[PDB]
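A single chain comes next, written as structure tokens; it is the form deposited without uridine-5'-diphosphate.
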């Protein structure tokens, strides 16, 4: 219940502004267009079952930059009550072209969370009128790019009416359209086809704020509007970022907000879950079960270990929250503009930080000067999303993730000295330095997976062929050729073609790699059993058993073990495709490159018409002299220069990746003519396999087991601390 404000509709005959409830002449309010329309009586019929905010919707045409809304004298309904309304929590939802099911899921999760907070009993912050402290800001990116089933859902809530959007106002290009309403209707069911909207006494009001950008700038500009724009006016305590389609759990927003009672917390995130469908029906898809296992282990092992140190690298799908005072200043300046100091040319970090979009913020929050903000991971809050079910869209999704992670980790390692310019105490500074070193160690390991997988596969298959001879010779040669053909084809198709065009090939390549992994598992088991009936296979069995047991125990400690059997084998079988198809495509597509009027003739009936023709000899001579003159007096734009720089930097990364991996391959296996060279050196005074292969094979597995052990200790510490 309860609202009020003073509207700006239009002027009548007396000239004193009049309300509809109580060709026309208007008046710009302070120089910019603000209009107040009533809503249809169909909504009023539910609403009655009445103050000013429920019955009007306010359109504003924002013609300025995000960082100038207040100066230009633009406002929001929250500031214009008799007592200005103070917001505790601003929830940002970003759409690009998402359909109404995804947006419906996000809004329904938000509405359920707000209802939970409003029904809270013993709280100083939340209570019966807690909905007044929450603003839901839906920033859609382009009118041309929005779906009409989303604008139809937004309209059905009461927060959109067409007709009074304007392209320009006093020769000023309108940059954005803002629709403001407070709705009493809630979403109660979202089937595969329909969204159930209903309004009764049990519903809670939601202060929606629909922003519609005029043209599609990317997501960083949406965040620019959210943080530099409306957050400056509303002054929220916490700013929460959600994507359309990410449905928060029933208490996730409250449980994340509860994380900020520690005054040192500057940001927080929760768990992101794969949405397995109805009765886990989607778990039959190997691509979906693999992703389910990957998400569960990224949350259980990686996030807890990072949160112990104090710096988290929030996962792309999960919804995050930042304390607004934490990000004001340097972090937002780095996030939106980049390293401002820059000459006409291009620098590596400054021109490439857009690849690591949100992971910059986190870094700058932790290493902020004279401030001891920490990032913290909340396991009590979760959000479930749908994952790609087809190989091409899976590849296209992970292209962004892998490039962002690689660049963010390189940037954080290269600039770690900032940890010591911040305001943390000495112990936290040491912990953060150790964590950044460990994260770069992980990045370095992930950079050499191309060689690691091939070396493990080739050593294993050749060793079994050497030892037992039966049909493993032919199998070794055949699998070498299959690997080579698939890898060459993946390189060529990712450098030149698009994944949508060739889907059968990518599916076939994934199947080939799965069969390869099955063969490697068989070889390992066979060699181990024969040895039990040498030392290297003792090491392989002990190390792999240990790394499986640590995963299982960490899942049990986290109290979420069911993914360790329903989804493990699928992930194991698709791991070679993660190494060999996702990484190649991600590295081959780093930057997403993209390389007078004369007159008219209209004739009359007779075929006649009139013309302006050079008739005087003098003007013909003039034109002739002007062309006789041209025969006597005898880098392009910034966009293509930036495109050239991006292409150079994308192609220098692939070459270095391939060469540095083949260096290790050639050192271990003595490829590259090295075995020839040693042979001919001795002749101056080739073997099948050396002891370098044994040493490397052991080292790889020990690294895997060590990483599992470190992450197990991290997760154990996380759970123990949280439980105490």
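Positions refer to the first chain, counted from 1.
We do not show the form solved in complex with uridine-5'-diphosphate, though everything after this point is about it.
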- Message: Which is the contacting stretch out of 394-402, 327-335, 108-116, 126-134, given heavy atoms within 4.5 Å of uridine-5'-diphosphate in the bound PDB entry?
- Response: 394-402
- The one option of 548, 96, 438, 81 with any heavy atom within 4.5 Å of uridine-5'-diphosphate in the bound PDB entry is 96
- From the list 149, 120, 219, 85, which entry has a heavy atom within 4.5 Å of uridine-5'-diphosphate in the bound PDB entry? 219
- Message: So in the bound PDB entry, is uridine-5'-diphosphate close enough to residue 243 to count as touching (4.5 Å, heavy atoms)?
- Response: yes
- Query: Contact between residue 228 and uridine-5'-diphosphate in the bound PDB entry at 4.5 Å, heavy atoms?
  - Reply: no
- Applying a 4.5 Å heavy atom distance criterion, does residue 141 contact uridine-5'-diphosphate in the bound PDB entry? yes
